[PDB]
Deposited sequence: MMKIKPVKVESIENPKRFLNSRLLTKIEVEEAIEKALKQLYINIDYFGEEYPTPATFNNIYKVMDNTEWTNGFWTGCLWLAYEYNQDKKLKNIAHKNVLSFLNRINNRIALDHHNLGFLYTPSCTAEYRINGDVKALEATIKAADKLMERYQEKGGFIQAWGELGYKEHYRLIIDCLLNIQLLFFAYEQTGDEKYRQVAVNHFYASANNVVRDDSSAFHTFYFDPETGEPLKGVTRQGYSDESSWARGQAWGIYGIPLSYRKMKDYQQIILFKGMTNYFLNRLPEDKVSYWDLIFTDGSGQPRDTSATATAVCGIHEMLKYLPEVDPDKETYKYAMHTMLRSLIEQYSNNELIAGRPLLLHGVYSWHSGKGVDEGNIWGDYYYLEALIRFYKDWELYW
C-alpha cells in the first residue's frame, strides 16, 4: 500500500534549534532524580490505586483502574525502575500489572479504543524488563481484543497498533502483522491532512500531531517503508514551524506567543520521544537530521527547565501545563499522566540505550 503525497514544509529558521546547547548527562540525570522524588512521594499517596487522567489545581485525585490513562502511571514506575532498579518500584508496578490482567479478564471499563496505551506501558513494559509471564498474558489478551475490534480511525491508533506488532513477534502469527500494517496505511492516508497536519478522527491539535510524530517511527521500526520517513518529516516540520519561542507547543498549533492560550506540554514530550526514535534510523545524509537532533534537545531542555514540577508534595505531576480536553474543559492547564509518562520516557531515552516497551 502507498502513502498519499504530503507537503513537507521546510524547517523555518533552523538556527533556532541548531544554535542551542545539547543537554548534558548531569542535567538529564538531575531531571530524572527530581521526577523520581515526586514518583516516590506519589507511590505512598496512590498506593495500589491510580492518578486521574489530569490534575486538579495541579494535584491528581486518586482513582481505580477504570480510565484510558491508567497504564501511563505504571509506565512512570517502570521507567523509574530502568533508572535505579529499585525492587519497591517493581513490586508496586507488578501489582498494577495484576490489576490490568484482572481488568482484561473481566472486561472492566474497556470501552476505550487505545488498548495499546493501557497495556503497553504497564504489561508489555514488565515483559520487556523481566519476562514476567502474567504481563505477557495480559498483553496477548489485549492484542486479541484489539484484533476482534478491528474486524467487528484515530491518529493515536498509530501507537495502538504497536501492541499488534508485539503479538506478531511473540507468536509468529502473521495475522497480527497484517492487521497492524493495514491499519497503519489507512490511518496515515486518512487522519493526516495534505499539509501534514492532523485531526483526531476520520486548526491543529498539538497532541494529535505528536501522536503522528511518534506513531510513525514506531511503525517504521516494524515496516521499514521509506515513505514513513517522508510522512514523519511532513508532520514533524509542521510541528516545529508552529512552536513558540520556548519551543513548547501551545495546545493547538494555531496559537503561539501572546495568544494567552494554555500550553500542552504533553504534546511536546511525545514529539521529543518521536524525534528521538526516528533519528535512530534517519540517514546521516538527511540535511535536516542534525536540525532534528538539536530540536528535540531544545524542546526537552525547556520542559526540564521551565515546565517540570518543582513542588515536591503529594499528588503533584511530573510535568506542568498540559491540556487534556479544551472543548470539554477537562485538565486545562493541568498536569496529566501521559505527559508525565512521555516526559520521563524522553529523559530515559536521552540517558540510556532504552529498550522500548512499544
| item | value |
| --- | --- |
| Deposited residues without C-alpha coordinates, grouped into stretches that follow sequence order | 1, 154-171, 222-242 |
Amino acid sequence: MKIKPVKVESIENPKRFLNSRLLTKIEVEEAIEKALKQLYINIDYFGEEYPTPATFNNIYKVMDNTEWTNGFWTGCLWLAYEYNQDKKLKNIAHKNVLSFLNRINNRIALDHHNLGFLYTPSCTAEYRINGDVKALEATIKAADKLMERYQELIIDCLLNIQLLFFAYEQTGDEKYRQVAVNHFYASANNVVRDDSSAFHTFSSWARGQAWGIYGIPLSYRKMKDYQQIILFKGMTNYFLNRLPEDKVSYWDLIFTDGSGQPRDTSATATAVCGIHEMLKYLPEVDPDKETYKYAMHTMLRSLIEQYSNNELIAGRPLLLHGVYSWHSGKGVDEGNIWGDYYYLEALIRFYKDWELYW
From here on, numbers count along this sequence of modelled residues.
query	finding
Stretch exceeding the other in mean C-alpha B-factor - 296-304, 324-332	324-332
Residue range whose averaged C-alpha B-factor is higher in the record, 186-194 or 83-91	186-194
Candidate residues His113, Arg263, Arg128, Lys222, the one whose C-alpha B factor the record puts highest	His113
C-alpha B-factor winner, where the candidates are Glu152, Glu277, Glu284, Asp252	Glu152
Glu290 - Cα temperature factor, lowest/middle/highest third of chain	lowest
Position of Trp73 among the chain's modelled residues by C-alpha B-factor, lowest, middle or highest third	lowest
Chain third (lowest, middle, highest) by recorded CA B-factor, residue given as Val28	lowest
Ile337 CA temperature factor, ranked by third within the chain	lowest
Record-listed C-alpha B factor of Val272: chain third	lowest
